[PDB]
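Next one to model:
(2 chains)
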Amino acid sequence: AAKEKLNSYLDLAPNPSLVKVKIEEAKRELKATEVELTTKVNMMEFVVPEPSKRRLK
Amino acid sequence: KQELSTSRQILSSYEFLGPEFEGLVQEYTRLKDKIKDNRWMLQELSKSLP
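Numbering: from 1, shown residues only, chains lettered A, B, ... in the order given. Structure as follows:
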């Protein structure tokens, strides 16, 4: 219980100003991964005829 | 008993940087957890292109 409470603090320099920068970097990275996820979803539409309602190959 | 005593001594140094820092840490932690979840979701959609 005491070790688990220490691992949540290590990626963060004990300086508040530097932590805000790291938080802003993490917000930019979240927007890029969200756009990539939307595009891959649209290309999804056309390919045509034919075979039933159904099939293998 | 010796390990418990060392860990309790280090935790006491971070707890000294106030509630505001803890809020920031909580936010950072929340954001890292969401990025990790989105990456995990993108990897799972590529394996399905039959």
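
Near chain A, which residues of chain B? Just list them.
Residues of chain B lying close to chain A (CB under 8 Å from any CB of the partner chain) are B:4, B:7-8, B:10-11, B:14, B:17, B:20-21, B:24-25, B:27-29, B:31-32, B:34-35, B:38-39, B:41-42, B:45. For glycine as for every other residue, the C-beta is placed from the backbone atoms N, C-alpha and C.

Write the PyMOL selection for whichever of these are buried.
Selecting only the buried entries of the residues of chain B next to chain A in PyMOL, with 16 or more other CB atoms under 10 Å in any protein chain shown as the criterion:
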select buried, chain B and resi 14+17+21+24+25+27+28+31+32+35+38
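
Now do the residue nearest the centre of chain A against residue A:49, distance only.
Central residue of chain A (CA atoms, centre = their mean): residue A:33, 4.4 Å from the mean position. According to CB to CB, to the nearest Å, residue A:33 stands 36 Å off from residue A:49.

Would you tell me which helix is longest in the chain?
Chain wasn't specified; assuming chain A. Across chain A, the helix with the greatest residue count (assigned by DSSP state H) is helix A:16-42.

that answer is for a different chain, and I need it for chain B
Taking DSSP H as the criterion, chain B has its longest helix at helix B:19-46.

so what does it touch, helix or strand wise?
Judged by 3 or more CB pairs under 8 Å, 6 or more residues apart in numbering or on different chains; DSSP states H and E, helix B:19-46 is in contact with helix A:16-42.

is chain B contacted by the helix it packs on?
Yes. For a cut-off given as CB under 8 Å from any CB, helix A:16-42 has contacts with chain B, namely A:16, A:19-20, A:22-23, A:26-27, A:29-30, A:33-34, A:36-37, A:40.
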